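Single-structure report; data block below.
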Amino acid sequence: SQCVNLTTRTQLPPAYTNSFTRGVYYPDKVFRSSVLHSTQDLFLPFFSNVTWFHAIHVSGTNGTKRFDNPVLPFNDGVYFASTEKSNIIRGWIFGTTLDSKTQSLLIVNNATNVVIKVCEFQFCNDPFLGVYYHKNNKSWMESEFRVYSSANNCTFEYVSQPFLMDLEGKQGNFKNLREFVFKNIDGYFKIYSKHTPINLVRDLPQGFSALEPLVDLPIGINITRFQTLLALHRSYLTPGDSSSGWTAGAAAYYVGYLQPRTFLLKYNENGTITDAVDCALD
Amino acid sequence: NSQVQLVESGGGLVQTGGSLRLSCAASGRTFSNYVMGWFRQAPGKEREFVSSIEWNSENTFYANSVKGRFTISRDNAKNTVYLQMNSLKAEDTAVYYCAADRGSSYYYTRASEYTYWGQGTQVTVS
Amino acid sequence: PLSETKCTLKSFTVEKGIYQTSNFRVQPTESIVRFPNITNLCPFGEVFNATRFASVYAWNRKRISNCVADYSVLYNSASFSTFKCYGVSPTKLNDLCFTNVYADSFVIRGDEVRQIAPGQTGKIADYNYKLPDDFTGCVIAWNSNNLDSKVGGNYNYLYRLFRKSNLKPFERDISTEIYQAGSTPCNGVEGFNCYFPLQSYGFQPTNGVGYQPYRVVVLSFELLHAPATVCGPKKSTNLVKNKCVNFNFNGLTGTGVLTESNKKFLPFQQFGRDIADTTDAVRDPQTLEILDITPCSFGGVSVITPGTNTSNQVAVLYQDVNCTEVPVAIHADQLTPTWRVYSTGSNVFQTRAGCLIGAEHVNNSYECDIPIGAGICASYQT
Ligand SMILES: *[C@@H]1O[C@H](CO)[C@@H](O[C@@H]2O[C@H](CO)[C@@H](O)[C@H](O)[C@H]2NC(C)=O)[C@H](O)[C@H]1NC(C)=O
Ligand SMILES: *[C@@H]1O[C@H](CO)[C@@H](O)[C@H](O)[C@H]1NC(C)=O
Ligand SMILES: *[C@@H]1O[C@H](CO)[C@@H](O)[C@H](O)[C@H]1NC(C)=O
Ligand SMILES: *[C@@H]1O[C@H](CO)[C@@H](O)[C@H](O)[C@H]1NC(C)=O
Ligand SMILES: *[C@@H]1O[C@H](CO)[C@@H](O)[C@H](O)[C@H]1NC(C)=O
Ligand SMILES: *[C@@H]1O[C@H](CO)[C@@H](O)[C@H](O)[C@H]1NC(C)=O
Ligand SMILES: *[C@@H]1O[C@H](CO)[C@@H](O)[C@H](O)[C@H]1NC(C)=O
Ligand SMILES: *[C@@H]1O[C@H](CO)[C@@H](O)[C@H](O)[C@H]1NC(C)=O
Ligand SMILES: *[C@@H]1O[C@H](CO)[C@@H](O)[C@H](O)[C@H]1NC(C)=O
Ligand SMILES: *[C@@H]1O[C@H](CO)[C@@H](O)[C@H](O)[C@H]1NC(C)=O
Ligand SMILES: *[C@@H]1O[C@H](CO)[C@@H](O)[C@H](O)[C@H]1NC(C)=O
Ligand SMILES: *[C@@H]1O[C@H](CO)[C@@H](O)[C@H](O)[C@H]1NC(C)=O
């Protein structure tokens, strides 16, 4: 809970990549059998410029030590893609001022259950969880919960059932890709989510996937900025030997902003969107 | 001025199936914001709901054996409530109490749904 | 039907041919309503089926949200002396929606029940609890003598007897500093002009109703600019069947027939639609089975008859309707003597155009006289 000033930040210039035709969510769950439906709503334009963020830690001399956690505005919607193998990214934070004077939303995977809260959290300058490679018995487990110092006059709370996720570090090409879409239209906190196995390190595959509606949470807050929760492995516990010091497991995430666009979606016989055409594009 | 004191009057002997009126006068705070309820209690018996009228005088409600036969109305300027007994029955011989409860304009039947209680007026039906 | 045909043409005599007379439709039988299987209710048992409550001054606050509220139990068990709601239904609490609820649990005196009221003035209404001039909630108070009274006297509960200013609505004061009624500073000493603001009640089983303890729960409901977390059919809305009826499915009121559909849908189940943006299949909230929606009968009624001269008998044609549904096609209320013959009985033929009543099918084939349609023609000749 105590605030910690993360150090050893080798800043790098911002990077933009091509989103291809990735990211499309059902505006409303209405069955459609082999028909083309034109709908105007908040969508991510095809081949848009999506901001890249890395999570790695070189060993020898490069001194990357990159821990991405910006305060990127929220705008009218957010599309968040994350490629990883060990679930390095643990959650997200949304709010206007990110202080105790205004209500703020926090979603976090506590390594046992998913907790979604809306409270006047007192966010630190650099919110950051912490996972310790406890060599004592034999295991990896989460040790530090230092996202917010304190919370007062909270509004909403929800906790999922207990779970057992694999926090052990995995090496090789990325194996999991989770794509989510968040929006707050008409005071409705709509979250769509989808998961996909992959085999690569970068250059997301050329394909089309339909985001599915995960939840519609009741938040009437006026989100305008958001942050991401990153988990890093302790250094001196597993030397390492840096204090204050941390290392980031291989992970990456792309952040994009949605705009009002008209999309033509082809609903197959089974009712699953098979393809989408962006109106303006070309 | 701040306590809603209620006084009942008009009760008396009346022929069965005739016409009668009971007046409950409220003095104190704003009566227009107070829902009103008329209940009946026979000598040595419990209090039974008779009728209810809303603070804004929008709708009126009555119990099973008193609906239609009896009517309820209220005047905020006079801070008074008039309950009209029409087509009376011999079973209506009892003390009618008038209660004020600061509520909204919805159904209100149970005695527990009221706070105050008036002196009560005796009504006899032959 | 001949007379009806005459009225449509505004003539007392008609010639050979087929005339479209009117239209028929099947009305919904009685009603239909459906909704989900409901889930666990809000933790009201911990509010009313608990063991110990808090004091009047230190009233406990609970935030009820993100759960389904089953308010029937509040009035089903008539063990509560006082149960009064303002701005909300006492009885139909199961048909109201609110974003959040605040439960205020405490214990007061029987005489202080009068003090506990919206916009009321009194010791408790000023120094321990208060309600606004636009209170929206319920108050439920029931005697707790045996539950909150010791033989020698339950002095645990306390009430703020003294306070400089009256409490604002939905305000709590838990200050324990010695109250000063004069200009002499207490300096941590209790005595003259310095008394404890909180005083203890003499709750005893033998004490009168006024002095006996009463457990009180005040539930204040708020519906702000956010989706409501307490909504739906708290108790039940079920017992439906397949038939031409008007159905209320999760907000859609539609007239049709709820048959069974052998279609595979997506895991997360909600409403359906077709090419023309017209609903054609709605989910079953209870069982994971899909139901189609189709119009009941539509169609039109026409009269086939030769000229009034040389013949008077007539036949009826119902368009695009099965011959089994003709008897209920706007009937049971018309002139019984001379309408059932042309709607039921023998001489019923099922053609591509629909149902023909009053005409006897013949396997021969002559020149078309009155074109029924789809290669079928009606003639009066023997
Ligand atoms: C909705 O509630 C009903 C009521 O219990 C459930 O009915 C049971 O369904 C199971 C599954 O087929 C049967 O084995 C039981 O015999 C049924 N019991 C009764 C009393 O009907 C129904 O399964 C529930 N549906 C969902 C989707 O939860
Ligand atoms: C962390 O950094 C913030 C931003 O300046 C500062 O306010 C806070 O005191 C720091 N905390 C620690 C423990 O260094
Ligand atoms: C996307 O970003 C790249 C790299 O910064 C830049 O060269 C390109 O012009 C950008 N395109 C758009 C459409 O923003
Ligand atoms: C998450 O885990 C930390 C571990 O220290 C714990 O303190 C915190 O209460 C947990 N949050 C939950 C269960 O919501
Ligand atoms: C080892 O097991 C117990 C379980 O809590 C405890 O000693 C500790 O949390 C675990 N990890 C260590 C000791 O590094
Ligand atoms: C919490 O803050 C909101 C801000 O709008 C306010 O309305 C509410 O009364 C506060 N609640 C408490 C318990 O202070
Ligand atoms: C509250 O929402 C409005 C949208 O109408 C927005 O303009 C405002 O900035 C929001 N409040 C804060 C503190 O961001
Ligand atoms: C549609 O669903 C059926 C039934 O599960 C399945 O056999 C088929 O592969 C799916 N896809 C298409 C294109 O039919
Ligand atoms: C026991 O629980 C029920 C809820 O079903 C509640 O109505 C009742 O009041 C509880 N018992 C007591 C003594 O209040
Ligand atoms: C009746 O109709 C028949 C057949 O067209 C015709 O031969 C006859 O003259 C008609 N008679 C009268 C009185 O109209
Ligand atoms: C009429 O209903 C019967 C069964 O009741 C069915 O066999 C027949 O195909 C139906 N005909 C039409 C035209 O719908
Ligand atoms: C017409 O022929 C069919 C086919 O054999 C037969 O079933 C039917 O009874 C015949 N109808 C008449 C009126 O001869």
Side-chain angles (χ1 to χ4, degrees), chain B residues 110 112, chain C residues 24-26 38-39 42-54 60 62 64 67-83 85 90-91 93-94 101 103-107 138-149 212-219 234-236 242-244 256-257 259-260 292 294-301 315-329 343-344 346-366 372-379 381-382:
Chain B
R110 209 167 96 173
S112 70
Chain C
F24 68 95
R25 182 172 69 269
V26 178
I38 201 63
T39 178
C42 289
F44 296 144
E46 193 262 320
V47 190
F48 284 95
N49 199 282
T51 59
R52 186 60 171 187
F53 292 172
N60 278 9
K62 191 173 192 298
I64 295 284
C67 60
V68 193
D70 278 319
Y71 287 122
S72 312
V73 165
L74 308 195
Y75 57 80
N76 281 30
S77 176
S79 62
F80 315 95
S81 179
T82 311
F83 169 89
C85 297
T91 57
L93 292 150
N94 293 317
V101 181
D104 310 341
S105 53
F106 47 100
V107 165
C138 298
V139 180
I140 315 180
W142 64 101
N143 199 325
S144 50
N145 199 8
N146 60 325
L147 320 178
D148 297 321
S149 313
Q212 274 160 6
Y214 289 65
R215 283 166 172 187
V216 190
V217 176
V218 183
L219 293 154
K234 309 313 194 191
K235 268 286 162 299
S236 165
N242 167 29
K243 188 146 49 167
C244 166
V257 193
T259 69
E260 272 72 12
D292 289 331
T294 57
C296 287
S297 65
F298 292 167
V301 190
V316 186
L317 178 74
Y318 307 86
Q319 297 174 359
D320 301 337
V321 68
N322 210 346
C323 283
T324 46
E325 285 81 315
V326 74
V328 297
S343 67
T344 58
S346 66
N347 299 329
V348 183
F349 189 24
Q350 187 69 63
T351 59
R352 191 74 183 79
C355 198
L356 194 63
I357 311 295
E360 187 207 343
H361 184 52
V362 186
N363 282 11
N364 309 126
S365 49
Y366 318 131
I372 313 315
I376 303 296
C377 298
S379 188
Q381 63 86 30
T382 314

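We count ligands from 1, going down the list as the structure has it; atoms in each ligand are counted the same way. Values reported hereafter were calculated over all heavy atoms of this structure, with side chains retained and with hydrogens, waters and symmetry mates removed. The sequence lines fix the lettering, A, B, ..., with proteins before strands; numbering per chain opens at 1.
Partners of C:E360 according to the side chain to side chain contact (heavy atoms under 4.5 Å, CB included) rule, which considers only residues two or more places apart in sequence or in another chain, are C:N347. Qualifying side-chain hydrogen bond (donor to acceptor under 3.5 Å, both in side chains) partners for C:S149, counting only residues two or more places apart in sequence or in other chains: C:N145. Judged as a ring pair (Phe, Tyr, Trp, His ring centres under 6.0 Å), and not counting sequence neighbours, C:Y214 has no contacts.
Across all their heavy atoms, C:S72 and C:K235 have their closest contact at OG-NZ, 2.9 Å.
When only interatomic distances are considered, the shortest N/O to N/O separation between C:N363 and ligand 12 falls below 3.5 Å. At a 3.5 angstrom cut-off on N or O pairs, C:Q350 does not count as close to ligand 11.
Side chains of C:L219 and C:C85 form no contact here, defined as non-hydrogen atoms less than 4.5 Å apart. Within the 4.5 Å cutoff, the side chain of C:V257 has heavy atoms near those of the C:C296 side chain.
Just one of C:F106, C:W142, C:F48 meets the ring pair (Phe, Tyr, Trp, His ring centres under 6.0 Å) condition when paired with C:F53; it is C:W142.
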As a test of reading the model: which N/O atoms of the protein lie under 3.5 Å from N/O atoms of ligand 9, and at what distance?
residue: ligand 9; atom: 2 (O); partner: C:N49; partner atom: ND2; Å: 2.4
residue: ligand 9; atom: 11 (N); partner: C:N49; partner atom: ND2; Å: 2.9
residue: ligand 9; atom: 14 (O); partner: C:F48; partner atom: O; Å: 2.6

